[PDB]
Amino acid sequence: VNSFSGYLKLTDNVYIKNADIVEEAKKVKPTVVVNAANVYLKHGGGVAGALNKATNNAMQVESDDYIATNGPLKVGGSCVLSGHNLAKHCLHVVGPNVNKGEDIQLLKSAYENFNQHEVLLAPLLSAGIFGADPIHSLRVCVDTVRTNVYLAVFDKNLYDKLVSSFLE
Ligand SMILES: CC(C)[C@H](Nc1ncnc2c1CCN2)c1ccc2c(c1)[S@@](=O)CCO2
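Going by the numbering used here, the first residue of the sequence shown is number 220, and it counts up by one from there.
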């Protein structure tokens with residue numbers, strides 16, 4: 220459980236690796252994996268589609284049942300559901316989609332959800348098609364999360380850019 224290996228240490232609680240979060244979850248068996256979710260928990264692509272496919276759609280069926288009873292999440296919010304075969308729990312976190320006009324200041328609320336868990340495997344929030352500047356997302360993570368977070372970024376070019384920028 221929680222056997223993280225091959226990460227670069229950015230701060231005493233923030234680590235980063237060039238890796239697919241699904242492959243890390245299979246290797247590590249973390250207590251918590253974070254999903255880069257949307258408010259209706261529709262796992263149609265990106266991190267969410269990869270995690271759901273690796274559960275053979277069990278995550279989508281569970282998420283639809285959660286939304287039917289509880290309604291959608293808010294941007295900046297989260298919920299804890301099963302991790303299925305990938306982790307004990309999946310923390311579904313909604314970062315702002317600035318390509319759809321959502322407020323970038325909600326990225327701090329999004330990362331604050333990680334503080335409820337002592338250790339997590341997570342993606343870089345609001346990056347990719349959500350449109351936030353990834354260097355800014357990493358700075359928000361480092362300034363907001365106080366628990367131990369292991370970031371898997373599935374792109375070597377982005378990984379090297381983020382490390383270079385943080386070592387300036
Ligand atoms: C930046 C990009 C490379 C990253 N993708 C991944 N990171 C880690 N493991 C992964 C991926 C894809 C498959 N497996 C990512 C980060 C947040 C993010 C997205 C995508 S999009 O899903 C939607 C909005 O949030």
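Backbone N, C-alpha and C fix where the C-beta goes; we use that ideal spot for every residue, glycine too.
Inset, instruction - For residue 371, write down the residues that DSSP places opposite it in a beta bridge. - result: As a first step, residue 371 must be located in the sequence shown, where it is residue number 152. Residue 371 pairs with 236.
Legend entry - Rounded separation between residue 367 and residue 274 - CA only: Start at 1 with the first residue of the sequence shown, and residue 367 comes out as number 148. Start at 1 with the first residue of the sequence shown, and residue 274 comes out as number 55. Distance between the alpha carbons of residue 367 and residue 274: 25 angstroms.
Inset, instruction - Determine the direct distance from the alpha carbon of residue 310 to that of residue 372, and round the result to whole angstroms. - result: Your numbering for residue 372 matches position 153 in the sequence shown. Your numbering for residue 310 matches position 91 in the sequence shown. Rounded to whole angstroms, residue 372 to residue 310 spans 17 angstroms at the Cα level.
Inset, instruction - May I have the straight-line CA-CA distance separating residue 300 from residue 317, to the nearest angstrom? - result: As a first step, residue 300 is located in the sequence shown; it is residue number 81 there, counting from the start. As a first step, residue 317 is located in the sequence shown; it is residue number 98 there, counting from the start. One C-alpha to the other measures close to 26 angstroms.
Legend entry - Contact check, residue 244 vs residue 252, beta carbons under 8 angstroms: By 1-based counting over the sequence shown, the position of residue 244 is 25. By 1-based counting over the sequence shown, the position of residue 252 is 33. The answer is yes: Cβ separation under 8 angstroms.
Legend entry - CA-to-CA distance, residue 334 to residue 365, given in whole angstroms: Numbered from its first residue, the sequence shown carries residue 365 at position 146. Numbered from its first residue, the sequence shown carries residue 334 at position 115. Whole-angstrom Cα-Cα distance: 6 angstroms.
Inset, instruction - For the stretch 265-344, list the alpha helix (DSSP H) runs that are entirely contained and at least 4 residues long, ordered along the chain. - result: 265-273, 277-289, 325-331
Inset, instruction - Could you tell me if the beta carbon of residue 371 falls within a distance shorter than 7 angstroms of some heavy atom in ligand 1? - result: For the purposes of this step, residue 371 is taken as residue 152 along the sequence shown, with counting starting at 1. Yes, since a heavy atom of ligand 1 falls inside the 7 angstroms radius drawn around the Cβ of residue 371.
Legend entry - residue 238, buried or exposed, once every other Cβ within 10 Å from all chains shown has been counted against 16: For the purposes of this step, residue 238 is taken as the residue at position 19 of the sequence shown. Classification for residue 238: buried.
Inset, instruction - Below 8 angstroms on the Cβ atoms is my guess for residue 341 versus residue 370; work out the distance and round it to an integer in Å. - result: Locating residue 341 in the sequence shown gives position 122, where the first residue counts as 1. Locating residue 370 in the sequence shown gives position 151, where the first residue counts as 1. Confirmed, about 6 angstroms.
Inset, instruction - Pick out whichever of 222, 344, 339 has its Cα sitting closest to the Cα of residue 315. - result: Within the sequence shown, residue 315 is the residue found at index 96, counting from 1. Nearest C-alpha to residue 315: 344.
Inset, instruction - Mind the definition here: the stretch 319-333 touches the stretch 266-273 only if three or more C-beta pairs lie below 8 angstroms; say whether that holds. - result: no
Inset, instruction - Check whether the Cβ of residue 379 sits closer than 7 angstroms to any heavy atom of ligand 1, and report yes or no. - result: For the purposes of this step, residue 379 is taken as residue 160 along the sequence shown, with counting starting at 1. No, the Cβ of residue 379 stays beyond 7 angstroms of every heavy atom of ligand 1.
Inset, instruction - Counting only the same chain and skipping the five closest in sequence on each side, list residues whose C-beta sits under 7 angstroms from that of residue 356. - result: Position 137 of the sequence shown holds residue 356. So the qualifying residues of the chain are 326, 343, 344, 345, 346.
Legend entry - Buried versus exposed call for residue 386 [16 or more other C-beta atoms within 10 Å across all chains shown]: Here the question's residue 386 lines up with position 167 in the sequence shown. Residue 386 should be labelled exposed.
Legend entry - Closest Cα partner of residue 380 within the set 232, 224, 220, 236: Here residue 380 is taken as the residue at index 161 of the sequence shown, counted from 1. It is 236 whose Cα lies nearest to the Cα of residue 380.
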